[PDB]
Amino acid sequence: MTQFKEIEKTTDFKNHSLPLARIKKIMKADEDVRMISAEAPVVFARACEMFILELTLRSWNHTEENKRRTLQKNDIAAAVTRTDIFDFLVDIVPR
């Protein structure tokens, strides 16, 4: 082998997904929702991950304009108003 065994930096975490059992419980919090396919919690576990990354990154931009290093709740508030995709969060967030 070469002079040294070459190495790879570890930045990954053990493959973790949001709990399916809880996702299903949140899905059923609605009276009319009564039956849910086996993989409907599966697609939300991945969909929620994509939703976190977009909303967090967009709020991050708001924090950098304020020249800060910590994301706070008001940042999310602006990211909700600014983007029309996050308009379903009017009653969850301020502003």
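All residue numbers refer to positions in the sequence shown, first residue = 1.
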Name the higher of the two by mean Cα B-factor in the PDB entry, 15-23 versus 70-78.
15-23
Mean C-alpha B factor from the entry: is it higher for 47-55 or for 29-37?
29-37
Assigned third (lowest, middle, highest) for the C-alpha B factor of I7:
highest
For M1, the third of its chain by CA B-factor is the highest
